[PDB]
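In: Sequence first, structure after, both from an experimental entry:
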Amino acid sequence: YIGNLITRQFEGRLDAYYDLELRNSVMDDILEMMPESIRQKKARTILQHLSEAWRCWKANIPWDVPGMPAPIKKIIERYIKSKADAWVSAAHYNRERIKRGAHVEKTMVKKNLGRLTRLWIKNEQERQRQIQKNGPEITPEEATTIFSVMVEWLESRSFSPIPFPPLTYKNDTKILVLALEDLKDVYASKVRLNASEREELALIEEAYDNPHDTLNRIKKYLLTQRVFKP
Amino acid sequence: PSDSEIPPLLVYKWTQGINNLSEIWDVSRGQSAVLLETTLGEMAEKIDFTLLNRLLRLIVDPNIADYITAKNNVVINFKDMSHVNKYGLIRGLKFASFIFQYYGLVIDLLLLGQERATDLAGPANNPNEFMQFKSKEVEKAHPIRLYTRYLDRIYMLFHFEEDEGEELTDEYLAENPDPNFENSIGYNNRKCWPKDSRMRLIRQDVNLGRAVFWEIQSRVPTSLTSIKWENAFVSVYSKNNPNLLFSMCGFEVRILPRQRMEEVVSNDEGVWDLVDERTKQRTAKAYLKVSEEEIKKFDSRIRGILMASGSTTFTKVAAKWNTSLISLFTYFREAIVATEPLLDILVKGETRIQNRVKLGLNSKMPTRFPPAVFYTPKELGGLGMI
Amino acid sequence: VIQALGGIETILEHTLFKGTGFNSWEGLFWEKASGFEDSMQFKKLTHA
Amino acid sequence: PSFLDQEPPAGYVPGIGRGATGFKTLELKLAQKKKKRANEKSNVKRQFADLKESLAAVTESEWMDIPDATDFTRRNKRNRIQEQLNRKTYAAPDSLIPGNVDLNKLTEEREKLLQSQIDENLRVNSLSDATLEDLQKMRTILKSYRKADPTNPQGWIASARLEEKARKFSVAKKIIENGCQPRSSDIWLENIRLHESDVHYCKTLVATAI
Amino acid sequence: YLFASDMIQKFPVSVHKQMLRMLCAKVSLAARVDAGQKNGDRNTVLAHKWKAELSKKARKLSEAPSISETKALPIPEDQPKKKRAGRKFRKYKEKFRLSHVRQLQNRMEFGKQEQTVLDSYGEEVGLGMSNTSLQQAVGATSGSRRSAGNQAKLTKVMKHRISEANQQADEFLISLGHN
Amino acid sequence: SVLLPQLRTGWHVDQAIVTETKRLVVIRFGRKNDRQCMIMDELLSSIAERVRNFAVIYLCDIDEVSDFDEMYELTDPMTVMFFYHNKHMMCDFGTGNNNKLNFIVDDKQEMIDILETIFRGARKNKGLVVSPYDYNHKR
């Protein structure tokens, strides 16, 4: 401490680093191999290609590009491999830390959610895509054993099937009310309304003001509409 | 999840339901009992529609079944990502619960079968109450005695005599030979309770447990759901084990008969005196505790309060702690005073929020902070916090 | 809680209430800051 | 960035030009002592190196034609929409004051409008109970109103039924009997209805009204 | 039979729906050439152009946008406030202001507990002064004065979709009415 | 990093401060090899296009230019500093040092709010500004 003070009198892994260090390594190498006359004008576009490749990996979009030199495409691929491995590994690494109660600070709490939801949605998509190939796993001999059980249960119970709600029905009003208010009560504690919530309040309100018209609309949706919005 | 029973009232009627049936407590000749807790695993996620449209056309006219079946495809979007839902169920739909419940009504019928399910429910003319029968003969006719399903989780109670039990366990041991006595490696004890109140590991009772879970494992196909020994808890009451252990909702209950109280016992706050409808005496004590799940949910919730607020008011922090703490005291009422670590976490978390206020006023922190600041009502200007 | 702290008075000795110059606290009311934060968010404002 | 291209310095010191404000043998022995010390005492580039060596054969024309940029995920459009949607918000209508809702008046108010359209085609449990001091304000006002008229039984009945909806039990039943002390039949019709609960006393009030 | 052709499934999935409608037409016209060609001599060279248009226009449908130049925050400098109050514009901002009754929720009476009513989730929703000092005792709440200007109303897109759905539901109920 | 220009002499710094009247001048003093210097370089590199109207961001190396080291007392791998009309600006961040900047800011919006608030308070000649965020858990 003393020596440092006197000289100054006479003079005066981890998720944060590793990613930026990958960008810097790859950009360093690519810029080194470029001819220096065209070098700087392309460089920003190359950075954009790295960003787009990462955004496409985060979307599961395959990122297939029109004509490109093969070695660069290989490089960006291997980069996506390493940065992906670190992104997922650190995403799962921080989550258990949040579970234990250790302090990861804050922005990590907020980002870890988005990362784990990208991962969760990927697991769901791979689940269903492998359910394309192999088809349903039930098989007829097992579906038989399952279906006889319900058939025998409902026949033994002497159960009459539920009919379709009639155009003229006693409790329609008393079913609309209980339905609509259960969509309504979400907004009763709010002083202010986001744009969508206000639209939904318009929907419930017209559903009260025009009950016959909404009964007809619901019933036709039941008999008819097979296609729905995402 | 019936309309008439609040889940703590459910746990109550479940314990009283276990006692009110005849002579499970006597071990005098060879008798024992077993509880299972098994989550059905992937259930709504493995729901398959080609089976649903049929099972629904059983219960409902086809136009509603077709609507319900096609309404689950849709397309699913999160920002960039999009996938059509072919396989699993979307439980964000208002009617999903119905399907889910109805779907469970299938699996309940593979375990119980027509014969025993008719004994549990009763005739359509005079169906039974939640826990009842008509004659004791119908109770004792089948090993399965009490059965419930709460959403995914299943509760199954068995009463065995050596005649019946020796058979079942000899079958499992026979078809899964274990010479090294490894049945007790993976068996899952309840970590909350001390030694004397846990499940003692003895070849007889463990072999019974794994035999039971091996039978019921076989009863359900693997296409519907996935039942695994890891998610399951098995309690055995016999000569060796005085304790009947289960966990319903967020509660953990142990049960002792007054008969076996000789093994070391210490009274708690959560003590439930249980009364047979005939002797009208107190034949059992059910001790209560809070689960390690919903204690850690409370940890993570007060953590969420002190984290997710970068900049908020002080009265919002006080009101979030008031809400979450009112919910925990309100649902868990008796079981809290019996939990040491939950009282400890309460004491830590409250002073911790007070520290978040203090660090919000000034960076130096005080020596002592008068409590009338925190604890006066909101109308007098304090935080109103409890 | 009010009586544990000594009553309203022992609480008001911990505040600026006597500075407000009011003789009695009966006819007084607070303007909530919750709603006060709402009326400011109907203007067009930057995140800062 | 014009000044970034130019690059003349002159002989000026930087601090003074802007008017800036501020808000050897022993060294050789220490160097030899550090030399006494140091004498006794990456992977990424190894991974991507064999590829950057394989960039060598890319001709200049292929470097010159690289498609400049592309937005695959449509991030811009979605960002503009998600921003357009979140801009403003709103204020919730006054009908959302939660205490008002009761189901009966809404149903009989509704099914009649339904049936009318078809023919044309052819207290809450949630509120906190009243606070003793508010109810005390009620007691003072109503006390002033009963002291206003000893006669005019309308007041007595009013202070009876309002405190009844508020509290009732002993208070109302005592007040009514107090101000019932004769001609007007209404204090009796009310006192009978509320205070009775048993036959004999019913008859006792009836006979007095008679 | 077309959706299984070569000119459709050789392209990414997102383009399929637009290629059918784009290819089907070019098929029809081709047939309408084949009816007019004399049997003795049958000739192409329309289908060459018509593959060119389809393949190229498909590459274009798959090409995705160019990148956009980052848009800037305008400037933090405050601007002098401008005022107008009409019959029209007060009617506009009626959406955007706290009404009278809504303002009375924001008043906490000094010294005594609020009226709070349980929300659907069970969390007490305070309305502080919104009910007259006498109305807490009786519990009659109030009607008071309801502002009809801040009532929720539909967006332009939703309002025609509702009405359309209802009008077609009407011809549906008629088709079931006579049958 | 490539997005932001670098200042290779003290006179590029000084003139960069002098020639710009209407928007803040934001300089990061630090070296390319440091860990904390590249992070604020990325953060500031994303923000530069949004803010180009009311502020501009530049880069300065300590080894390239050692002249300002003693005058502003530069320690720690990086210091961000804010200049308006040749006047060193100042804001109390809770870090106890109202001068310059030290720690790595987390979110873009929090740093844009710092720039916006320093700017707005700078137009009024106000020397000290108060950030909406006291981060002093960092320093």
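Out: Yes, it's here. Residues are numbered from 1 along each chain as shown, chains lettered A, B, ... in the order given.

In: Could I get the full set of strands for chain F?
Out: Secondary structure of chain F by DSSP state E: the strands cover F:6-7, F:24-30, F:55-60, F:78-84, F:87-88, F:90-92, F:128-130.

In: Nearest to chain A, out of those?
Out: strand F:6-7 (13.0 Å; Cβ to the nearest Cβ). C-betas here are computed from N, CA, C, even on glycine.

In: Can you tell me the SS state at the residue positioned nearest the centre of chain C?
Out: When Cα atoms, centre = their mean is applied to chain C, the residue found nearest the centroid is residue C:30 (4.9 Å). Recorded secondary structure, residue C:30: strand (DSSP: H, G, I helix; E, B strand; the rest coil).

In: can you pull the contacts of it?
Out: For residue C:30, the contacting residues are B:379, B:381, E:107-110, by Cβ atoms under 8 Å, 6 or more residues apart in numbering or on different chains.

In: need the strands of chain F in JSON lines with mean neighbour count, can you?
Out: Listed next are the strands of chain F as JSON lines, based on neighbours: other Cβ atoms under 10 Å in any protein chain shown:
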{"stretch": "strand F:6-7", "mean neighbour count": "18"}
{"stretch": "strand F:24-30", "mean neighbour count": "22"}
{"stretch": "strand F:55-60", "mean neighbour count": "21"}
{"stretch": "strand F:78-84", "mean neighbour count": "22"}
{"stretch": "strand F:87-88", "mean neighbour count": "16"}
{"stretch": "strand F:90-92", "mean neighbour count": "18"}
{"stretch": "strand F:128-130", "mean neighbour count": "14"}
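
In: okay if I get the ones you listed as CSV plus distance to residue B:141?
Out: Below are the strands of chain F laid out as CSV (distance: least, Cβ to Cβ, whole Å):
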stretch, distance to residue B:141
strand F:6-7, 88
strand F:24-30, 82
strand F:55-60, 82
strand F:78-84, 80
strand F:87-88, 91
strand F:90-92, 81
strand F:128-130, 79
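
In: Between the ones you listed, which one is closest to residue A:199.
Out: strand F:55-60 (38.2 Å; Cβ to Cβ).

In: what pairs with the closest one, and is each one parallel or antiparallel?
Out: Strand F:55-60 pairs in its sheet with strand F:6-7 (parallel), strand F:24-30 (parallel), by DSSP bridges.

In: got the contact list for it?
Out: F:4-7, F:13, F:16, F:20, F:23-30, F:41, F:44, F:47-48, F:51, F:68, F:115, F:119.

In: Name the residues of the helix or strand encompassing residue B:342 that come out as buried.
Out: Residue B:342 belongs to helix B:340-361 when assigned by DSSP states H and E. Residues of helix B:340-361 classed as buried: B:342, B:345-346, B:349-350, B:353-354, B:357-358 (neighbour count, 16 or more other Cβ atoms under 10 Å in any protein chain shown).

In: Next: stretch F:63-77.
Out: F:65, F:67-68, F:72, F:74, F:77.

In: Mind putting those into TSV with distance to residue D:154?
Out: Listed next are these as TSV, based on distance: Cβ to Cβ, whole Å:
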residue	distance to residue D:154
F:65	94
F:67	95
F:68	90
F:72	85
F:74	87
F:77	86
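
In: Quick one: the helices in chain D, in order.
Out: D:2-6, D:14-17, D:25-40, D:43-52, D:60-64, D:75-86, D:103-121, D:132-148, D:154-166, D:170-179, D:186-195, D:199-209 (DSSP state H).

In: residues contacting the residue most central in space within chain D?
Out: Nearest to the mean C-alpha position of chain D, counting by Cα atoms, centre = their mean, stands residue D:92 at 11.6 Å. Counting by Cβ under 8 Å, 6+ apart, residue D:92 touches A:187, A:190-193, A:198, A:201, E:102, E:150, E:152.

In: circling back to that earlier point, check whether the helix holding residue B:342 contacts chain C.
Out: No. Judged by Cβ under 8 Å from any Cβ of the partner chain, helix B:340-361 stays clear of chain C, getting no closer than 14.4 Å.

In: Not counting that helix itself, show me its contacts.
Out: Helix B:340-361 is contacted by residues B:290, B:295, B:298-299, B:302, B:305-306, B:314, B:317-318, B:321, B:325, B:336-337, B:365-366, B:369, B:374, B:383, B:385 when judged by Cβ under 8 Å, 6+ apart.

In: Give me the buried entries from those residues.
Out: Applying 16+ other Cβ under 10 Å to those flags B:290, B:295, B:298-299, B:302, B:305, B:314, B:317-318, B:321, B:325, B:336, B:374, B:383, B:385 as buried.

In: Show me which of those residues is closest to chain F.
Out: Nearest to chain F among the buried ones among the contacts of helix B:340-361, with distances taken as Cβ to the nearest Cβ, is residue B:314, at 15.0 Å.

In: and chain A, which residues reach chain C?
Out: A:191-192.

In: hey, where'd the helices end up in chain A?
Out: Counting by DSSP H, the helices of chain A are A:2-10, A:15-33, A:39-58, A:70-100, A:107-133, A:140-157, A:172-184, A:195-209, A:211-223.

In: Which among the strands of chain F is found nearest to residue E:38?
Out: strand F:55-60 (74.1 Å).

In: Assign the residue of chain B found nearest chain F to helix, strand or coil.
Out: Nearest residue of chain B to chain F (Cβ to the nearest Cβ) works out as residue B:363 at 5.6 Å. Three-state assignment for residue B:363 (three-state DSSP): coil.

In: So for it, what's the nearest residue that isn't a sequence neighbour?
Out: residue F:136 (5.6 Å; Cβ to Cβ, 6 or more residues apart in numbering or on different chains).

In: Count the residues that sit near the one you found.
Out: 13 (other Cβ atoms under 10 Å in any protein chain shown).

In: Tell me the secondary structure at the residue nearest to residue A:157 when sequence neighbours are not counted.
Out: The spatial neighbour of residue A:157 that comes closest, neighbours along the chain excluded (Cβ to Cβ, 6+ apart), is residue B:124 at 5.7 Å. At residue B:124, secondary structure determined by three-state DSSP is coil.

In: I'd like to know which residues of chain F are adjacent to chain E.
Out: So chain F meets chain E at F:49-54, F:112, F:116, F:119-120, F:123 (Cβ under 8 Å from any Cβ).

In: Now narrow those to whatever sits close to chain C.
Out: F:112, F:116.

In: Between the residues of chain F next to chain E, which sits nearest chain A?
Out: Nearest member of the residues of chain F next to chain E to chain A, counting by Cβ to the nearest Cβ, is residue F:49, at 11.9 Å.

In: list the contacts for residue E:11?
Out: Applying Cβ under 8 Å, 6+ apart, the residues near residue E:11 are E:19, E:58, E:62.

In: SS state for residue E:121?
Out: coil.

In: and the gap between it and residue D:101?
Out: 15 Å (Cβ to Cβ, to the nearest Å).

In: Neighbour count: the two, which is higher?
Out: residue D:101 (17 against 11).

In: For the more buried one, give me its contacts.
Out: Taking Cβ under 8 Å, 6+ apart, one finds A:181, D:124 in contact with residue D:101.

In: again with residue A:137
Out: Contacts for residue A:137 (Cβ under 8 Å, 6+ apart) come out as B:48, B:223.
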